[PDB]
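What follows is a set of notes on a single structure, which appears directly below.
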Amino acid sequence: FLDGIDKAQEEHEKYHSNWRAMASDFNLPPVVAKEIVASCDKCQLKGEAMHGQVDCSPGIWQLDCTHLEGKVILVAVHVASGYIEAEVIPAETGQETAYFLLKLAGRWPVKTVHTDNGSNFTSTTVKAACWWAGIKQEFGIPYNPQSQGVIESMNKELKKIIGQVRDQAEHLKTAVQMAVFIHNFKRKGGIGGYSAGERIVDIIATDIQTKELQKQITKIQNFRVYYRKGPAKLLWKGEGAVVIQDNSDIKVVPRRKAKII
Amino acid sequence: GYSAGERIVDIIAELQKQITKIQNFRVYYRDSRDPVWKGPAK
Amino acid sequence: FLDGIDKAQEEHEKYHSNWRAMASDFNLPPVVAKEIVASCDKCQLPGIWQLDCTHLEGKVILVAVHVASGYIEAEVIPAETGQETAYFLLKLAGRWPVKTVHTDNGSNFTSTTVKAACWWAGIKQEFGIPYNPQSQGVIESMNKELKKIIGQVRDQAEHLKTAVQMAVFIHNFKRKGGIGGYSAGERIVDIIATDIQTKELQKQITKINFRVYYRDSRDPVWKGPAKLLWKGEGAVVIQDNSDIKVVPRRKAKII
Amino acid sequence: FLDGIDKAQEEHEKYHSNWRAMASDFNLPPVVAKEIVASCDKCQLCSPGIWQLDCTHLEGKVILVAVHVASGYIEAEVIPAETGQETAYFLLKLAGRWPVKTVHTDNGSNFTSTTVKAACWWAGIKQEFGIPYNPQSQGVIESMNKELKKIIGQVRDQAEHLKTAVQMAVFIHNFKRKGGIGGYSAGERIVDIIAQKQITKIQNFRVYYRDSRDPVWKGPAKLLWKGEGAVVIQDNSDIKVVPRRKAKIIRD
DNA sequence: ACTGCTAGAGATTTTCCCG
DNA sequence: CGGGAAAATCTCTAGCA
DNA sequence: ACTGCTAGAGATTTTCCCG
DNA sequence: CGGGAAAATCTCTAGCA
Ligand SMILES: [Mg+2]
Ligand SMILES: [Mg+2]
Numbered sequence: 001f002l003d004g005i006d007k008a009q010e011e012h013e014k015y016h017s018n019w020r021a022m023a024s025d026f027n028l029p030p031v032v033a034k035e036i037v038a039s040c041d042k043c044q045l046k047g048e049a050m051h052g053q054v055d056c057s058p059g060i061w062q063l064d065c066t067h068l069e070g071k072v073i074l075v076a077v078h079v080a081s082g083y084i085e086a087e088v089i090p091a092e093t094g095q096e097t098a099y100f101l102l103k104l105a106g107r108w109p110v111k112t113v114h115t116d117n118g119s120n121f122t123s124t125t126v127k128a129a130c131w132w133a134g135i136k137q138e139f140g141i142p143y144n145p146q147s148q149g150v151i152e153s154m155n156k157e158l159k160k161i162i163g164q165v166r167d168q169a170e171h172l173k174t175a176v177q178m179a180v181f182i183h184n185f186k187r188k189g190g191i192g193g194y195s196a197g198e199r200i201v202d203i204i205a206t207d208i209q210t211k212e213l214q215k216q217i218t219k220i221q222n223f224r225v226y227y228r236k237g238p239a240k241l242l243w244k245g246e247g248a249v250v251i252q253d254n255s256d257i258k259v260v261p262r263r264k265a266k267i268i
Numbered sequence: 193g194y195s196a197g198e199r200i201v202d203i204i205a212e213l214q215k216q217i218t219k220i221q222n223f224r225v226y227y228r229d230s231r232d233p234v235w236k237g238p239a240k
Numbered sequence: 001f002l003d004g005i006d007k008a009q010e011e012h013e014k015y016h017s018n019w020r021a022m023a024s025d026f027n028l029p030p031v032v033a034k035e036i037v038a039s040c041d042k043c044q045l058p059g060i061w062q063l064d065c066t067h068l069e070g071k072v073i074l075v076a077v078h079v080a081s082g083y084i085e086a087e088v089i090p091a092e093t094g095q096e097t098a099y100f101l102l103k104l105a106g107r108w109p110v111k112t113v114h115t116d117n118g119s120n121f122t123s124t125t126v127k128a129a130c131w132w133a134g135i136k137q138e139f140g141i142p143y144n145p146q147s148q149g150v151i152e153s154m155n156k157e158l159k160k161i162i163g164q165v166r167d168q169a170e171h172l173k174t175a176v177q178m179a180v181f182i183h184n185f186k187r188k189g190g191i192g193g194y195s196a197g198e199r200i201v202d203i204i205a206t207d208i209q210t211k212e213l214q215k216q217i218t219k220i222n223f224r225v226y227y228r229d230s231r232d233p234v235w236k237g238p239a240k241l242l243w244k245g246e247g248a249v250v251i252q253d254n255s256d257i258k259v260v261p262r263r264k265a266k267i268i
Numbered sequence: 001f002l003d004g005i006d007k008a009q010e011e012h013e014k015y016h017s018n019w020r021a022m023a024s025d026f027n028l029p030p031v032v033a034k035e036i037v038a039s040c041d042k043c044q045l056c057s058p059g060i061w062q063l064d065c066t067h068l069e070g071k072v073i074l075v076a077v078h079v080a081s082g083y084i085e086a087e088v089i090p091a092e093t094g095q096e097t098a099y100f101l102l103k104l105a106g107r108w109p110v111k112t113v114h115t116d117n118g119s120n121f122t123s124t125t126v127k128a129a130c131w132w133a134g135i136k137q138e139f140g141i142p143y144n145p146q147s148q149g150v151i152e153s154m155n156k157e158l159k160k161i162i163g164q165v166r167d168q169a170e171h172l173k174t175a176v177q178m179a180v181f182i183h184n185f186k187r188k189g190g191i192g193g194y195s196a197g198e199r200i201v202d203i204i205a214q215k216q217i218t219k220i221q222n223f224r225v226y227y228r229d230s231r232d233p234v235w236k237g238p239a240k241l242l243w244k245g246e247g248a249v250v251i252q253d254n255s256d257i258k259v260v261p262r263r264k265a266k267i268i269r270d
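The listed protein sequences derive, respectively, from chains A, C, E and F.
Under the entry's author numbering, residues 1 to 228, 236 to 268 are what the first sequence spells out, in order.
Under the entry's author numbering, residues 193 to 205, 212 to 240 are what the second sequence spells out, in order.
Under the entry's author numbering, residues 1 to 45, 58 to 220, 222 to 268 are what the third sequence spells out, in order.
Under the entry's author numbering, residues 1 to 45, 56 to 205, 214 to 270 are what the fourth sequence spells out, in order.
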């Protein structure tokens, strides 16, 4: 292929032909043509085809403003449940945002808030509010709304319901509260056939109850598993398996080659 | 040198109840490369 | 860098020495130390060897020394012509992985044959006075000690060349001393095994290479290559000319 | 090709090895290496301290070859004549490069010569004549002889005198041919194989005696053990322990 | 070092109910 | 065990940024 | 009575080649 | 019939409007 490699490179600096073109024309193994393309800086123009996944921890909220009929609507969503909070604010200011976030934190457990990099969420007043209530702030990558896919999807859902009930109310703020009500309690679906209100209550109660249950379980139950190794702490056992926490690492081991002390 | 109360309280301070309780909860989850949520797991 | 390497850099700023400390005491790979001394404006500066000559008893003796361990490779050469020095340098290069050689500018080393020897084997050579001629003084003192050795051994060898070799071996192995009384062989072997492990360590250090091409934010144009720093699920962190950026994996390409 | 691949090809022309270097060191894909070796006309495709020695002839010239059993690291040099004295000189030159301990020969007259025994003595090298008593090196010595002959068969086009071609082949077989277990060139493996010193390091270690009161007495102790948060040192006629904060260790 | 999601419309497969 | 209908699960899109 | 598609990057499965 | 690598097929995205 020594002859063809030099020619395909010259043709690539003119044409930037993809690897199949070089492999067909200059009789090349697919790996060599691919290497020619790969080392071209002008031919690197496409990302990888995948999507990430947002954090859906029980304490994470996603926030964003949305605009409707010239007014600013500050919308928050609890990621795990789909529950929502929303108000019309007078302006997209850091002060209005600090106030909204303080109200949210005083009504619901809020461990982390995830927003874009708009001026209102990045402001020092919002920081001071988040420091006071103990809220971690996660800032999305700039110009990447998929980072806040949940609240963007929920802003669509809320705009649709506001459109549905707009002529039942004079002012926009009231339509926003009617739509919030409707979404939280008058729309069922999702993981447990729930409405979002039912679902957030279940998520938060489940968090509380499982925390308590397993804390008591670990207080009373005390063992040490040796597998394969060191004194691994026991997490669970059953059906020919054991769960252990060895140096902050959780691994599923079969019952064989595993002895409990 | 412990009072009868101290020994009583220590003694009184089962697990299968709490374990079945924990095993009653449903878990919906995803694998790190699949957008669809996986059905209720135990 | 690592906290140890940052501490070594701060110790350099405190003490104006780069290679003599972090390459030895801090176990830094030689490539990083070379990069640091290159960046260091205060630093004007296992594969190092030196070659020299001596004229004991009217005969020409050419001696090589591994600087880091007091090893000896020597041979009585029939003549000072560069042709025979080329053959002997071929021997040194074949027997051990020799990377750089420090000699003088003389025609005994600048001849065409020596240049061909370096070209074939892959050895770099220095011609002239080294920046630290105290090493040359040390090897000359070793030459004098070999000469005293010879003044003793020549009671045992019918041919002075053979006594030259006998001395080479005595100093390699029997004359153990320094630090903890170690022979030149022991230090040589330790150094070269450490060198193998440092090649492996340099590989694993440089692992954590990757060119990243990425779509910048709001920009239609793709840019790169950037250095990859960290790779999560969904996003990466990239170094594009001392400018740390975070890019979703949809908008990046890692080669 | 890439600058690295072109450099690898030039290194092949310099060293007559294709797969053992670019497939391993240069991370070349196996298909490209296979294509290169196909195009390459020159590519036809125990007890450490135990070495073999042997005599070979080529084009009317005599070559003495030293091998290592434990990794096939091969030393060699052209000999002026088959006489025993030259053999003794070569074995001498061997002694100073590695701790040779026992060698095996073919019981030849030039090797049974007395001077060979003399050299083996004053250097401290033992001779175990006959054939080696392990059923690996017995054919391995001849196999590596054939390997050296084959390497010279390609080297000879770049050297008109055997005295240089032999060293060319030796460097190739020592480093530029990497294989075996994981692709380790013989030189690397022998580095590993070669790798009382630590005992002699601490023989003369005396200690300035102190105690938990943190005194400045600095008694004439002898260091017995170090580590695990304290020391173990003898105090004249008795034994005690001292934390590392005290008990300075010095040479006697 | 961070990350698309949600809800509805129609298609497909599974389950349950009388045999 | 067999259909047939009712329920549950699957595929796929717009629209939010 | 008209209508999403294309090309590349990485993952997964299939096929072929020496055994 | 078995691996292992090389080739072919599959999944999925941006960007065009
Ligand atoms: Mg926004
Ligand atoms: Mg918005």
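Cβ coordinates follow ideal geometry from the N, Cα and C atoms, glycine included.
At a cut-off of 6 Å, would you count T66 (chain A) as near ligand 2, judging by its Cβ distance to the nearest heavy atom? Flag set: Cβ of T66 (chain A) near ligand 2.
Proximity below 7 Å, CB of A33 (chain E) to CB of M22 (chain E): For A33 (chain E) and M22 (chain E), yes; Cβs fall inside 7 Å.
When we look at the beta-carbon of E87 (chain E) and count the other beta-carbons within 10 Å, is it buried (16 or more) or exposed? So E87 (chain E) counts as buried.
Along chain A, in chain order, which residues have C-beta atoms closer than 7 Å to that of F1 (chain F)? At a C-beta separation below 7 Å, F1 (chain F) has these neighbours in chain A: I5.
Reduced DSSP category for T174 (chain F) - H, G, I as helix; E, B as strand; rest coil: Residue state, collapsed to three classes: helix.
Contact list for the stretch 181 to 207 of chain A against chain C, Cβ threshold 7 Å: Going along the stretch 181 to 207 of chain A in chain order, one finds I191 and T206 with a Cβ nearer than 7 Å to chain C.
Could I get the ranges of all uninterrupted alpha helix (DSSP H) runs contained in the stretch 105 to 190 of chain E, with 4 residues as the minimum, in chain order? At a cut-off of 4 residues, the continuous stretches assigned as alpha helix (DSSP H) that sit fully inside the stretch 105 to 190 of chain E are 119 to 122, 124 to 133, 146 to 165 and 172 to 181.
Using a Cβ-Cβ cutoff of 7 Å, what residues of the stretch 17 to 33 of chain A are near chain F? List them in chain order. For the stretch 17 to 33 of chain A, which is checked against every Cβ of chain F, the residues closer than 7 Å are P29, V31 and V32.
What residues in its chain sit with their C-beta under 7 Å from that of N117 (chain F), if we drop five residues either side in the sequence? If the five residues before and after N117 (chain F) are omitted, its C-beta is found closer than 7 Å to the C-beta atoms of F139 and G140, all from its own chain and listed in chain order.
What's the call for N155 (chain A), buried or exposed, on a 16-neighbour Cβ count within 10 Å? Buried: at least 16 other Cβ atoms inside 10 Å.
Check whether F26 (chain A) and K14 (chain A) have beta carbons under 7 Å apart: Cβ atoms of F26 (chain A) and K14 (chain A): not closer than 7 Å.
Mind listing the chain E neighbours of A133 (chain F)? Cutoff is C-beta to C-beta under 8 Å, in chain order. Ordered by position in chain E, the residues that pass the 8 Å Cβ test against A133 (chain F) are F181.
Chain E contacts from the stretch 90 to 113 of chain F (Cβ-Cβ distance under 8 Å): Listed in sequence order: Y99, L102, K103, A105, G106, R107, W108 and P109.
Rounded to whole angstroms, what's the CA-CA distance from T93 (chain E) to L172 (chain E)? Just pull it up for me. Computed Cα separation, rounded: 21 Å.
Exposure label - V176 (chain E); buried when at least 16 CB within 10 Å: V176 (chain E) is buried by the Cβ-count criterion.
Check the Cβ-Cβ distances between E35 (chain F) and every residue of chain A, and say whether any is below 7 Å. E35 (chain F) has a beta carbon lying within less than 7 Å of a beta carbon in chain A.
Contact set between the stretch 152 to 184 of chain F and chain E, restricted to residues whose Cβ is under 8 Å from the partner: Those residues of the stretch 152 to 184 of chain F placed with their C-beta closer than 8 Å to a C-beta in chain E are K173, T174, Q177, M178, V180, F181 and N184, ordered along the chain.
Given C130 (chain F) as reference, the closest of F:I89, F:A98 and F:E69 once Cα atoms are compared: Comparing Cα-Cα distances from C130 (chain F) to each of F:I89, F:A98 and F:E69, the minimum goes to F:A98.
If we call anything under 7 Å between Cβ atoms a contact, is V113 (chain A) one with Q137 (chain A)? Yes. Within cutoff.
Sort F:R107, F:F100 and F:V201 by Cα distance to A80 (chain F) and report the nearest one. Residue F:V201 is the option with its Cα nearest to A80 (chain F).
Hey, how far is the Cα of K215 (chain E) from the Cα of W108 (chain E)? Cα to Cα, the separation comes out at about 22 Å.
Among the candidates A:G4, A:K42 and A:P30, whose CA atom is the shortest distance from the CA of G237 (chain E)? Selected option, being the one with the closest Cα: A:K42.
Simplified DSSP state of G237 (chain F), which is helix, strand or coil: Reduced to three states, the DSSP call for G237 (chain F) is strand.
Might you give, ordered along the chain, the residues of its own chain that have their beta carbon closer than 6 Å to the beta carbon of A105 (chain E), omitting 5 neighbours on each side? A133 and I135, listed in sequence order.
Measure the alpha-carbon distance for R20 (chain E) versus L45 (chain E) and round it to whole angstroms. Straight across, the Cα-Cα distance linking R20 (chain E) with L45 (chain E) is about 11 Å.
Distance, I162 (chain F) Cα to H183 (chain F) Cα: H183 (chain F) and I162 (chain F) have their alpha carbons spaced roughly 10 Å apart.
Closer than 6 Å to a non-hydrogen atom of ligand 1 - does that hold for the CB of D116 (chain A)? Placement of the Cβ of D116 (chain A) at a distance of less than 6 Å from at least one heavy atom of ligand 1 is found.
Alpha carbon to alpha carbon, what distance is there between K160 (chain A) and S57 (chain A)? Near 27 Å, if we compare the C-alpha coordinates of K160 (chain A) and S57 (chain A).
I'd like to know if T218 (chain F) contacts chain E, where contact means its C-beta is closer than 7 Å to some C-beta of that chain. It does; some Cβ of chain E falls within 7 Å.
Of the residues E:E69, E:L74 and E:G70, which one's Cα is nearest the Cα of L63 (chain E)? Per the Cα distances, E:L74.
Quick one, which of F:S255, F:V234 and F:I267 has its alpha-carbon nearest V249 (chain F)'s? The residue with the shortest Cα to Cα distance from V249 (chain F) is F:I267.
Can you give me the Cβ contacts of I89 (chain F) inside the same chain, cut-off strictly under 6 Å, excluding the 5 residues immediately before and after it? By the criterion of a C-beta distance shorter than 6 Å, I89 (chain F) is surrounded in its chain by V72, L74 and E96, once the five residues flanking it on both sides are discounted.
Of the listed residues F:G245, F:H12 and F:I5, nearest to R187 (chain F) (C-alpha basis): Nearest option by C-alpha distance: F:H12.
Looking at the C-beta of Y226 (chain C), does it have a partner C-beta in chain A at a distance below 7 Å? With 7 Å as the cut-off, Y226 (chain C) counts as an interface residue toward chain A.
Hey, out of E:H16, E:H78, E:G70 and E:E85, whose CA is closest to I203 (chain E)'s CA? Nearest C-alpha to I203 (chain E): E:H78.
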